[PDB]
>>> print(open('run.pdb').read())   # PDB, N, CA and C atoms
MODEL        1
ATOM      1  N   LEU L 216     -13.798  73.133 -69.134
ATOM      2  CA  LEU L 216     -13.873  73.405 -67.703
ATOM      3  C   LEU L 216     -12.899  74.515 -67.330
ATOM      4  N   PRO L 217     -13.361  75.614 -66.736
ATOM      5  CA  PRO L 217     -12.434  76.667 -66.310
ATOM      6  C   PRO L 217     -11.549  76.205 -65.163
ATOM      7  N   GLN L 218     -10.355  76.787 -65.096
ATOM      8  CA  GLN L 218      -9.375  76.458 -64.070
ATOM      9  C   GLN L 218      -9.476  77.474 -62.940
ATOM     10  N   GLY L 219      -9.755  76.990 -61.736
ATOM     11  CA  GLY L 219      -9.873  77.868 -60.586
ATOM     12  C   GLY L 219     -10.270  77.076 -59.361
ATOM     13  N   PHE L 220     -10.410  77.796 -58.252
ATOM     14  CA  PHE L 220     -10.783  77.210 -56.971
ATOM     15  C   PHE L 220     -12.133  77.760 -56.538
ATOM     16  N   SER L 221     -13.024  76.867 -56.113
ATOM     17  CA  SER L 221     -14.357  77.248 -55.657
ATOM     18  C   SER L 221     -14.744  76.357 -54.488
ATOM     19  N   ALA L 222     -15.039  76.971 -53.346
ATOM     20  CA  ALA L 222     -15.456  76.216 -52.173
ATOM     21  C   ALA L 222     -16.854  75.643 -52.371
ATOM     22  N   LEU L 223     -17.066  74.445 -51.830
ATOM     23  CA  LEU L 223     -18.331  73.723 -51.953
ATOM     24  C   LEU L 223     -18.888  73.501 -50.548
ATOM     25  N   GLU L 224     -19.764  74.407 -50.116
ATOM     26  CA  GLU L 224     -20.387  74.316 -48.807
ATOM     27  C   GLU L 224     -21.479  73.246 -48.801
ATOM     28  N   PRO L 225     -21.654  72.544 -47.681
ATOM     29  CA  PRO L 225     -22.750  71.573 -47.587
ATOM     30  C   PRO L 225     -24.107  72.258 -47.603
ATOM     31  N   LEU L 226     -25.079  71.586 -48.224
ATOM     32  CA  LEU L 226     -26.424  72.134 -48.360
ATOM     33  C   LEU L 226     -27.465  71.314 -47.611
ATOM     34  N   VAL L 227     -27.603  70.025 -47.918
ATOM     35  CA  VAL L 227     -28.635  69.178 -47.326
ATOM     36  C   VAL L 227     -28.024  67.822 -47.002
ATOM     37  N   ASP L 228     -28.220  67.362 -45.768
ATOM     38  CA  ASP L 228     -27.811  66.026 -45.334
ATOM     39  C   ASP L 228     -29.086  65.203 -45.161
ATOM     40  N   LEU L 229     -29.467  64.487 -46.217
ATOM     41  CA  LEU L 229     -30.724  63.749 -46.226
ATOM     42  C   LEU L 229     -30.477  62.304 -45.812
ATOM     43  N   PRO L 230     -31.061  61.831 -44.709
ATOM     44  CA  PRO L 230     -30.891  60.426 -44.276
ATOM     45  C   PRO L 230     -31.834  59.460 -44.992
ATOM     46  N   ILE L 231     -31.433  59.042 -46.193
ATOM     47  CA  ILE L 231     -32.290  58.171 -46.993
ATOM     48  C   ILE L 231     -32.133  56.712 -46.571
ATOM     49  N   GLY L 232     -30.894  56.242 -46.426
ATOM     50  CA  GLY L 232     -30.623  54.889 -45.974
ATOM     51  C   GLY L 232     -31.146  53.779 -46.864
ATOM     52  N   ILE L 233     -30.931  53.881 -48.177
ATOM     53  CA  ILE L 233     -31.337  52.849 -49.123
ATOM     54  C   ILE L 233     -30.139  52.471 -49.986
ATOM     55  N   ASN L 234     -30.307  51.387 -50.740
ATOM     56  CA  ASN L 234     -29.281  50.922 -51.662
ATOM     57  C   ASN L 234     -29.331  51.735 -52.950
ATOM     58  N   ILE L 235     -28.166  52.200 -53.401
ATOM     59  CA  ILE L 235     -28.039  52.932 -54.659
ATOM     60  C   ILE L 235     -26.815  52.397 -55.390
ATOM     61  N   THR L 236     -27.019  51.861 -56.598
ATOM     62  CA  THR L 236     -25.920  51.341 -57.403
ATOM     63  C   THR L 236     -25.983  51.799 -58.856
ATOM     64  N   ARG L 237     -26.910  52.689 -59.203
ATOM     65  CA  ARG L 237     -26.999  53.221 -60.555
ATOM     66  C   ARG L 237     -27.678  54.581 -60.492
ATOM     67  N   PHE L 238     -27.492  55.366 -61.551
ATOM     68  CA  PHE L 238     -28.073  56.700 -61.611
ATOM     69  C   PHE L 238     -28.250  57.111 -63.065
ATOM     70  N   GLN L 239     -29.089  58.125 -63.271
ATOM     71  CA  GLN L 239     -29.363  58.646 -64.604
ATOM     72  C   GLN L 239     -29.868  60.076 -64.473
ATOM     73  N   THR L 240     -29.244  60.996 -65.203
ATOM     74  CA  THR L 240     -29.616  62.400 -65.128
ATOM     75  C   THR L 240     -30.857  62.681 -65.973
ATOM     76  N   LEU L 241     -31.526  63.783 -65.650
ATOM     77  CA  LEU L 241     -32.734  64.207 -66.341
ATOM     78  C   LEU L 241     -32.454  65.446 -67.181
ATOM     79  N   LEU L 242     -33.231  65.604 -68.250
ATOM     80  CA  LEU L 242     -33.078  66.712 -69.181
ATOM     81  C   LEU L 242     -34.444  67.307 -69.491
ATOM     82  N   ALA L 243     -34.486  68.626 -69.655
ATOM     83  CA  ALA L 243     -35.705  69.345 -70.001
ATOM     84  C   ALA L 243     -35.647  69.761 -71.463
ATOM     85  N   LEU L 244     -36.703  69.449 -72.208
ATOM     86  CA  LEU L 244     -36.779  69.744 -73.630
ATOM     87  C   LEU L 244     -37.757  70.885 -73.884
ATOM     88  N   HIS L 245     -37.536  71.593 -74.987
ATOM     89  CA  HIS L 245     -38.378  72.705 -75.399
ATOM     90  C   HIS L 245     -39.110  72.349 -76.686
ATOM     91  N   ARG L 246     -40.400  72.670 -76.733
ATOM     92  CA  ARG L 246     -41.245  72.367 -77.880
ATOM     93  C   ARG L 246     -41.495  73.637 -78.682
ATOM     94  N   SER L 247     -41.259  73.564 -79.988
ATOM     95  CA  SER L 247     -41.459  74.708 -80.869
ATOM     96  C   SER L 247     -42.755  74.567 -81.661
ATOM     97  N   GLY L 257     -41.142  68.851 -83.789
ATOM     98  CA  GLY L 257     -40.497  68.030 -82.782
ATOM     99  C   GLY L 257     -40.085  68.806 -81.546
ATOM    100  N   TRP L 258     -38.837  68.619 -81.124
ATOM    101  CA  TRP L 258     -38.294  69.285 -79.950
ATOM    102  C   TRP L 258     -36.925  69.862 -80.276
ATOM    103  N   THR L 259     -36.616  71.007 -79.672
ATOM    104  CA  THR L 259     -35.340  71.681 -79.863
ATOM    105  C   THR L 259     -34.709  71.939 -78.503
ATOM    106  N   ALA L 260     -33.433  71.590 -78.367
ATOM    107  CA  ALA L 260     -32.695  71.761 -77.123
ATOM    108  C   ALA L 260     -31.519  72.699 -77.348
ATOM    109  N   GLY L 261     -31.295  73.592 -76.385
ATOM    110  CA  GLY L 261     -30.202  74.535 -76.465
ATOM    111  C   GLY L 261     -28.864  73.903 -76.138
ATOM    112  N   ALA L 262     -27.813  74.707 -76.290
ATOM    113  CA  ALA L 262     -26.464  74.231 -76.025
ATOM    114  C   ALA L 262     -26.233  74.092 -74.526
ATOM    115  N   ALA L 263     -25.789  72.910 -74.106
ATOM    116  CA  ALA L 263     -25.522  72.641 -72.702
ATOM    117  C   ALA L 263     -24.492  71.527 -72.596
ATOM    118  N   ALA L 264     -23.838  71.461 -71.439
ATOM    119  CA  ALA L 264     -22.828  70.445 -71.182
ATOM    120  C   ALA L 264     -22.749  70.189 -69.685
TER     121      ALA L 264
ATOM    122  N   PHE F 464     -28.909  50.661 -41.144
ATOM    123  CA  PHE F 464     -29.899  51.712 -41.406
ATOM    124  C   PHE F 464     -30.467  51.608 -42.820
ATOM    125  N   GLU F 465     -30.694  50.377 -43.277
ATOM    126  CA  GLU F 465     -31.234  50.121 -44.605
ATOM    127  C   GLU F 465     -32.413  49.168 -44.494
ATOM    128  N   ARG F 466     -33.509  49.506 -45.168
ATOM    129  CA  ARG F 466     -34.707  48.679 -45.192
ATOM    130  C   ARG F 466     -34.789  47.947 -46.524
ATOM    131  N   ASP F 467     -34.987  46.633 -46.465
ATOM    132  CA  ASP F 467     -35.120  45.806 -47.656
ATOM    133  C   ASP F 467     -36.593  45.487 -47.873
ATOM    134  N   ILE F 468     -37.103  45.838 -49.051
ATOM    135  CA  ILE F 468     -38.504  45.642 -49.399
ATOM    136  C   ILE F 468     -38.651  44.799 -50.665
ATOM    137  N   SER F 469     -37.596  44.090 -51.054
ATOM    138  CA  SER F 469     -37.634  43.255 -52.246
ATOM    139  C   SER F 469     -38.350  41.943 -51.947
ATOM    140  N   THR F 470     -39.267  41.558 -52.835
ATOM    141  CA  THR F 470     -40.020  40.318 -52.706
ATOM    142  C   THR F 470     -39.503  39.224 -53.634
ATOM    143  N   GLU F 471     -38.302  39.395 -54.182
ATOM    144  CA  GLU F 471     -37.745  38.414 -55.104
ATOM    145  C   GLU F 471     -37.402  37.119 -54.377
ATOM    146  N   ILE F 472     -37.618  35.998 -55.058
ATOM    147  CA  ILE F 472     -37.332  34.686 -54.490
ATOM    148  C   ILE F 472     -35.827  34.455 -54.502
ATOM    149  N   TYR F 473     -35.286  34.028 -53.364
ATOM    150  CA  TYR F 473     -33.862  33.737 -53.271
ATOM    151  C   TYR F 473     -33.523  32.499 -54.092
ATOM    152  N   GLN F 474     -32.455  32.591 -54.880
ATOM    153  CA  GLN F 474     -32.021  31.513 -55.759
ATOM    154  C   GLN F 474     -30.700  30.955 -55.248
ATOM    155  N   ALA F 475     -30.656  29.641 -55.035
ATOM    156  CA  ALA F 475     -29.448  28.960 -54.583
ATOM    157  C   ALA F 475     -28.740  28.207 -55.700
ATOM    158  N   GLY F 476     -29.485  27.489 -56.534
ATOM    159  CA  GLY F 476     -28.921  26.757 -57.649
ATOM    160  C   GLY F 476     -28.931  27.562 -58.932
ATOM    161  N   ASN F 477     -28.752  26.853 -60.044
ATOM    162  CA  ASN F 477     -28.748  27.475 -61.362
ATOM    163  C   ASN F 477     -30.128  27.528 -62.002
ATOM    164  N   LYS F 478     -31.129  26.900 -61.398
ATOM    165  CA  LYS F 478     -32.476  26.918 -61.957
ATOM    166  C   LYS F 478     -33.166  28.231 -61.601
ATOM    167  N   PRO F 479     -33.692  28.966 -62.583
ATOM    168  CA  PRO F 479     -34.386  30.224 -62.272
ATOM    169  C   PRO F 479     -35.697  29.963 -61.542
ATOM    170  N   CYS F 480     -35.926  30.723 -60.469
ATOM    171  CA  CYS F 480     -37.121  30.519 -59.656
ATOM    172  C   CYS F 480     -38.383  30.980 -60.372
ATOM    173  N   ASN F 481     -38.252  31.937 -61.299
ATOM    174  CA  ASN F 481     -39.371  32.498 -62.064
ATOM    175  C   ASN F 481     -40.452  33.085 -61.158
ATOM    176  N   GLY F 482     -40.045  33.667 -60.033
ATOM    177  CA  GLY F 482     -40.965  34.315 -59.123
ATOM    178  C   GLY F 482     -41.703  33.397 -58.174
ATOM    179  N   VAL F 483     -41.460  32.087 -58.228
ATOM    180  CA  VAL F 483     -42.121  31.129 -57.352
ATOM    181  C   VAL F 483     -41.069  30.225 -56.724
ATOM    182  N   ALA F 484     -41.444  29.612 -55.605
ATOM    183  CA  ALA F 484     -40.560  28.691 -54.911
ATOM    184  C   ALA F 484     -40.533  27.337 -55.616
ATOM    185  N   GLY F 485     -39.496  26.560 -55.315
ATOM    186  CA  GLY F 485     -39.337  25.248 -55.911
ATOM    187  C   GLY F 485     -37.997  24.614 -55.601
ATOM    188  N   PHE F 486     -37.372  24.012 -56.611
ATOM    189  CA  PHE F 486     -36.066  23.394 -56.428
ATOM    190  C   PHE F 486     -35.000  24.475 -56.294
ATOM    191  N   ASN F 487     -34.284  24.458 -55.165
ATOM    192  CA  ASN F 487     -33.261  25.453 -54.825
ATOM    193  C   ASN F 487     -33.823  26.873 -54.827
ATOM    194  N   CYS F 488     -35.093  27.018 -54.451
ATOM    195  CA  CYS F 488     -35.746  28.320 -54.369
ATOM    196  C   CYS F 488     -36.620  28.337 -53.127
ATOM    197  N   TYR F 489     -36.401  29.321 -52.258
ATOM    198  CA  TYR F 489     -37.124  29.427 -51.000
ATOM    199  C   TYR F 489     -37.612  30.855 -50.804
ATOM    200  N   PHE F 490     -38.704  30.991 -50.061
ATOM    201  CA  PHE F 490     -39.277  32.304 -49.792
ATOM    202  C   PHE F 490     -38.475  33.001 -48.700
ATOM    203  N   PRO F 491     -37.893  34.173 -48.967
ATOM    204  CA  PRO F 491     -37.144  34.880 -47.912
ATOM    205  C   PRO F 491     -37.998  35.305 -46.732
ATOM    206  N   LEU F 492     -39.272  35.617 -46.956
ATOM    207  CA  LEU F 492     -40.128  36.128 -45.895
ATOM    208  C   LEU F 492     -40.711  34.982 -45.077
ATOM    209  N   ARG F 493     -40.643  35.110 -43.753
ATOM    210  CA  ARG F 493     -41.215  34.138 -42.835
ATOM    211  C   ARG F 493     -42.043  34.863 -41.782
ATOM    212  N   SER F 494     -43.135  34.228 -41.370
ATOM    213  CA  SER F 494     -44.062  34.822 -40.419
ATOM    214  C   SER F 494     -43.646  34.508 -38.986
ATOM    215  N   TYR F 495     -43.993  35.416 -38.078
ATOM    216  CA  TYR F 495     -43.688  35.248 -36.668
ATOM    217  C   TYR F 495     -44.682  34.292 -36.011
ATOM    218  N   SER F 496     -44.355  33.884 -34.785
ATOM    219  CA  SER F 496     -45.191  32.958 -34.030
ATOM    220  C   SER F 496     -45.632  33.581 -32.711
ATOM    221  N   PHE F 497     -46.098  34.826 -32.758
ATOM    222  CA  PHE F 497     -46.481  35.555 -31.551
ATOM    223  C   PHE F 497     -47.764  34.965 -30.974
ATOM    224  N   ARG F 498     -47.659  34.351 -29.794
ATOM    225  CA  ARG F 498     -48.804  33.798 -29.087
ATOM    226  C   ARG F 498     -48.672  34.118 -27.603
ATOM    227  N   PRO F 499     -49.788  34.373 -26.912
ATOM    228  CA  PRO F 499     -49.709  34.725 -25.487
ATOM    229  C   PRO F 499     -49.529  33.537 -24.555
ATOM    230  N   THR F 500     -49.743  32.313 -25.028
ATOM    231  CA  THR F 500     -49.662  31.129 -24.183
ATOM    232  C   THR F 500     -48.293  30.459 -24.220
ATOM    233  N   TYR F 501     -47.318  31.048 -24.903
ATOM    234  CA  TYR F 501     -45.991  30.470 -25.036
ATOM    235  C   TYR F 501     -44.989  31.259 -24.194
ATOM    236  N   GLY F 502     -43.717  30.890 -24.312
ATOM    237  CA  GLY F 502     -42.670  31.460 -23.491
ATOM    238  C   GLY F 502     -42.125  32.763 -24.039
ATOM    239  N   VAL F 503     -40.920  33.104 -23.575
ATOM    240  CA  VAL F 503     -40.281  34.359 -23.961
ATOM    241  C   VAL F 503     -39.924  34.362 -25.442
ATOM    242  N   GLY F 504     -39.544  33.205 -25.991
ATOM    243  CA  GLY F 504     -39.130  33.143 -27.385
ATOM    244  C   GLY F 504     -40.224  33.520 -28.365
ATOM    245  N   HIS F 505     -41.473  33.192 -28.046
ATOM    246  CA  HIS F 505     -42.607  33.568 -28.879
ATOM    247  C   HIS F 505     -43.282  34.855 -28.421
ATOM    248  N   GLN F 506     -42.758  35.508 -27.390
ATOM    249  CA  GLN F 506     -43.348  36.748 -26.900
ATOM    250  C   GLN F 506     -42.871  37.923 -27.745
ATOM    251  N   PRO F 507     -43.769  38.675 -28.380
ATOM    252  CA  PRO F 507     -43.334  39.848 -29.149
ATOM    253  C   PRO F 507     -42.834  40.960 -28.239
ATOM    254  N   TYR F 508     -41.799  41.659 -28.700
ATOM    255  CA  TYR F 508     -41.207  42.765 -27.960
ATOM    256  C   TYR F 508     -41.153  43.995 -28.854
ATOM    257  N   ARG F 509     -41.642  45.123 -28.341
ATOM    258  CA  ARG F 509     -41.629  46.381 -29.082
ATOM    259  C   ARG F 509     -40.273  47.049 -28.893
ATOM    260  N   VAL F 510     -39.446  47.034 -29.933
ATOM    261  CA  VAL F 510     -38.090  47.569 -29.869
ATOM    262  C   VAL F 510     -38.045  48.880 -30.642
ATOM    263  N   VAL F 511     -37.623  49.948 -29.969
ATOM    264  CA  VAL F 511     -37.493  51.270 -30.573
ATOM    265  C   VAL F 511     -36.035  51.694 -30.477
ATOM    266  N   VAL F 512     -35.451  52.063 -31.614
ATOM    267  CA  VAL F 512     -34.047  52.449 -31.703
ATOM    268  C   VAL F 512     -33.974  53.926 -32.063
TER     269      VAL F 512
ENDMDL
END
>>> encode(input="run.pdb", output="C-alpha cells")
Amino acid sequence: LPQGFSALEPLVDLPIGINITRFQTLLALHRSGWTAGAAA
Amino acid sequence: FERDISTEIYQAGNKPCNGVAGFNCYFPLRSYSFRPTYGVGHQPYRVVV
C-alpha cells in the first residue's frame, strides 16, 4: 500500500434499508482452464 | 426503515421447527380482521409515511 493522502468524495447515497451482516467480493476470470492476472 | 420478508418459523424452545409450527413453534405472520360492521379497532386505516 503506498503512503499518501487521498480525499474520498461521496458518490452515491442509496437508501436500501435492509439487514446486512455478511459480504463477499466478486472476481472476473479470463479463458484461454482459466488464467487470472496479478491483482490485490 | 427496514422491511422483513422472512417466512421462517419462530423458535422458542430447543426443538427445531423444521419449517412448520408445533411445540414451541408459532407462525410469525397473522392476518388482519378488517370488517365494515365492526368498530375502530377492526377498521383499516391507510397510513402513508
>>> atom_distance(input="run.pdb", atom1="atom N of residue 490 in chain F", atom2="atom C of residue 471 in chain F")
7.6 Å
>>> atom_distance(input="run.pdb", atom1="CA of residue 264 in chain L", atom2="CA of residue 219 in chain L")
18.3 Å
>>> closest_atom_pairs(input="run.pdb", of="chain L", to="chain F", cutoff="12 Å", atoms="only C-alpha atoms", output="tab-separated table")
residue	atom	partner	partner_atom	distance
L:230	CA	F:464	CA	9.2
L:231	CA	F:465	CA	8.5
L:232	CA	F:465	CA	5.0
L:233	CA	F:465	CA	5.3
L:234	CA	F:465	CA	7.4
L:235	CA	F:465	CA	10.9
>>> resolve_selection(input="run.pdb", expression="the PyMOL selection byres ((chain F and resi 491) around 8)", output="ChimeraX atom specification")
/F:470-473,488-490,492-494
>>> atom_distance(input="run.pdb", atom1="atom N of residue 480 in chain F", atom2="atom C of residue 237 in chain L")
25.2 Å
>>> select_by_dssp(input="run.pdb", residues="chain L", states="strand (DSSP E or B)", output="list in words")
residues 245, 246, 258 and 259 of chain L
>>> write_last_selection(input="run.pdb", atoms="N, CA and C atoms", output="PDB file, keeping the file's coordinate frame")
ATOM      1  N   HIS L 245     -37.536  71.593 -74.987  1.00  0.00           N
ATOM      2  CA  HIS L 245     -38.378  72.705 -75.399  1.00  0.00           C
ATOM      3  C   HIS L 245     -39.110  72.349 -76.686  1.00  0.00           C
ATOM      4  N   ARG L 246     -40.400  72.670 -76.733  1.00  0.00           N
ATOM      5  CA  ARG L 246     -41.245  72.367 -77.880  1.00  0.00           C
ATOM      6  C   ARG L 246     -41.495  73.637 -78.682  1.00  0.00           C
ATOM      7  N   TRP L 258     -38.837  68.619 -81.124  1.00  0.00           N
ATOM      8  CA  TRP L 258     -38.294  69.285 -79.950  1.00  0.00           C
ATOM      9  C   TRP L 258     -36.925  69.862 -80.276  1.00  0.00           C
ATOM     10  N   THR L 259     -36.616  71.007 -79.672  1.00  0.00           N
ATOM     11  CA  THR L 259     -35.340  71.681 -79.863  1.00  0.00           C
ATOM     12  C   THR L 259     -34.709  71.939 -78.503  1.00  0.00           C
TER      13      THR L 259
END
>>> axis_aligned_box(input="run.pdb", around="range 240-258 of chain L", padding_each_side="3 Å", output="AutoDock Vina command-line options")
--center_x -36.0 --center_y 67.9 --center_z -74.5 --size_x 19.5 --size_y 19.7 --size_z 24.7
>>> decode(input="run.pdb", residues="range 228-261 of chain L", atoms="N, CA, C and O atoms", output="mmCIF file, in the first residue's frame")
data_model
loop_
_atom_site.group_PDB
_atom_site.id
_atom_site.type_symbol
_atom_site.label_atom_id
_atom_site.label_comp_id
_atom_site.auth_asym_id
_atom_site.auth_seq_id
_atom_site.Cartn_x
_atom_site.Cartn_y
_atom_site.Cartn_z
ATOM 1 N N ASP L 228 -25.598 7.889 -2.451
ATOM 2 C CA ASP L 228 -26.262 7.614 -1.177
ATOM 3 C C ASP L 228 -27.532 6.827 -1.496
ATOM 4 O O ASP L 228 -28.586 7.403 -1.772
ATOM 5 N N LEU L 229 -27.422 5.500 -1.457
ATOM 6 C CA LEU L 229 -28.523 4.631 -1.852
ATOM 7 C C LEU L 229 -29.324 4.222 -0.622
ATOM 8 O O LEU L 229 -28.770 3.571 0.274
ATOM 9 N N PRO L 230 -30.609 4.574 -0.532
ATOM 10 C CA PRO L 230 -31.450 4.173 0.618
ATOM 11 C C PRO L 230 -32.016 2.760 0.485
ATOM 12 O O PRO L 230 -33.150 2.525 0.069
ATOM 13 N N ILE L 231 -31.200 1.772 0.855
ATOM 14 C CA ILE L 231 -31.614 0.381 0.704
ATOM 15 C C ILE L 231 -32.482 -0.063 1.880
ATOM 16 O O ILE L 231 -33.552 -0.653 1.686
ATOM 17 N N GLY L 232 -32.051 0.228 3.107
ATOM 18 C CA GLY L 232 -32.818 -0.092 4.298
ATOM 19 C C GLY L 232 -33.088 -1.566 4.532
ATOM 20 O O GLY L 232 -34.225 -1.946 4.827
ATOM 21 N N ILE L 233 -32.066 -2.414 4.397
ATOM 22 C CA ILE L 233 -32.192 -3.843 4.653
ATOM 23 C C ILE L 233 -31.094 -4.270 5.620
ATOM 24 O O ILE L 233 -30.162 -3.522 5.915
ATOM 25 N N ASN L 234 -31.225 -5.500 6.113
ATOM 26 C CA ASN L 234 -30.234 -6.082 7.007
ATOM 27 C C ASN L 234 -29.052 -6.609 6.203
ATOM 28 O O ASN L 234 -29.234 -7.297 5.194
ATOM 29 N N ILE L 235 -27.840 -6.269 6.641
ATOM 30 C CA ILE L 235 -26.609 -6.756 6.023
ATOM 31 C C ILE L 235 -25.655 -7.163 7.138
ATOM 32 O O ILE L 235 -25.285 -6.330 7.974
ATOM 33 N N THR L 236 -25.256 -8.438 7.157
ATOM 34 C CA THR L 236 -24.322 -8.937 8.159
ATOM 35 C C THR L 236 -23.210 -9.792 7.560
ATOM 36 O O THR L 236 -22.419 -10.370 8.314
ATOM 37 N N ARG L 237 -23.125 -9.885 6.235
ATOM 38 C CA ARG L 237 -22.058 -10.631 5.584
ATOM 39 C C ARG L 237 -21.864 -10.069 4.184
ATOM 40 O O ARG L 237 -22.742 -9.390 3.642
ATOM 41 N N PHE L 238 -20.700 -10.356 3.605
ATOM 42 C CA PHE L 238 -20.380 -9.864 2.272
ATOM 43 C C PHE L 238 -19.357 -10.785 1.623
ATOM 44 O O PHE L 238 -18.683 -11.570 2.295
ATOM 45 N N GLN L 239 -19.252 -10.674 0.300
ATOM 46 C CA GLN L 239 -18.313 -11.478 -0.473
ATOM 47 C C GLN L 239 -18.025 -10.763 -1.784
ATOM 48 O O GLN L 239 -18.957 -10.393 -2.505
ATOM 49 N N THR L 240 -16.745 -10.571 -2.088
ATOM 50 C CA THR L 240 -16.352 -9.864 -3.297
ATOM 51 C C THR L 240 -16.425 -10.784 -4.514
ATOM 52 O O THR L 240 -16.399 -12.013 -4.403
ATOM 53 N N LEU L 241 -16.513 -10.167 -5.688
ATOM 54 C CA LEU L 241 -16.597 -10.880 -6.953
ATOM 55 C C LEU L 241 -15.302 -10.716 -7.738
ATOM 56 O O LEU L 241 -14.587 -9.722 -7.590
ATOM 57 N N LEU L 242 -15.009 -11.707 -8.578
ATOM 58 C CA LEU L 242 -13.795 -11.729 -9.379
ATOM 59 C C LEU L 242 -14.137 -12.119 -10.810
ATOM 60 O O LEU L 242 -15.025 -12.945 -11.041
ATOM 61 N N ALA L 243 -13.432 -11.520 -11.766
ATOM 62 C CA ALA L 243 -13.605 -11.814 -13.182
ATOM 63 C C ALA L 243 -12.433 -12.654 -13.668
ATOM 64 O O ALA L 243 -11.271 -12.298 -13.441
ATOM 65 N N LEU L 244 -12.739 -13.765 -14.333
ATOM 66 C CA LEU L 244 -11.732 -14.690 -14.825
ATOM 67 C C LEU L 244 -11.618 -14.594 -16.341
ATOM 68 O O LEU L 244 -12.567 -14.212 -17.032
ATOM 69 N N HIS L 245 -10.441 -14.945 -16.851
ATOM 70 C CA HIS L 245 -10.157 -14.933 -18.277
ATOM 71 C C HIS L 245 -9.941 -16.357 -18.771
ATOM 72 O O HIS L 245 -9.249 -17.151 -18.125
ATOM 73 N N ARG L 246 -10.536 -16.676 -19.917
ATOM 74 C CA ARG L 246 -10.452 -18.006 -20.504
ATOM 75 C C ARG L 246 -9.486 -17.986 -21.682
ATOM 76 O O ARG L 246 -9.602 -17.138 -22.573
ATOM 77 N N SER L 247 -8.539 -18.919 -21.681
ATOM 78 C CA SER L 247 -7.553 -19.011 -22.750
ATOM 79 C C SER L 247 -7.892 -20.147 -23.711
ATOM 80 O O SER L 247 -7.585 -21.309 -23.447
ATOM 81 N N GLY L 257 -8.258 -24.352 -19.022
ATOM 82 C CA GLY L 257 -8.905 -23.827 -17.835
ATOM 83 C C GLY L 257 -9.084 -22.321 -17.864
ATOM 84 O O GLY L 257 -9.568 -21.763 -18.848
ATOM 85 N N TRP L 258 -8.691 -21.662 -16.777
ATOM 86 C CA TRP L 258 -8.803 -20.217 -16.647
ATOM 87 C C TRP L 258 -7.495 -19.649 -16.119
ATOM 88 O O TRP L 258 -6.807 -20.287 -15.316
ATOM 89 N N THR L 259 -7.155 -18.446 -16.578
ATOM 90 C CA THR L 259 -5.944 -17.755 -16.158
ATOM 91 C C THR L 259 -6.315 -16.367 -15.658
ATOM 92 O O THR L 259 -7.059 -15.642 -16.325
ATOM 93 N N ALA L 260 -5.798 -16.003 -14.487
ATOM 94 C CA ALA L 260 -6.072 -14.713 -13.870
ATOM 95 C C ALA L 260 -4.775 -13.935 -13.709
ATOM 96 O O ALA L 260 -3.743 -14.499 -13.331
ATOM 97 N N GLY L 261 -4.835 -12.636 -13.996
ATOM 98 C CA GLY L 261 -3.678 -11.777 -13.873
ATOM 99 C C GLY L 261 -3.381 -11.406 -12.434
ATOM 100 O O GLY L 261 -4.112 -11.739 -11.501
#
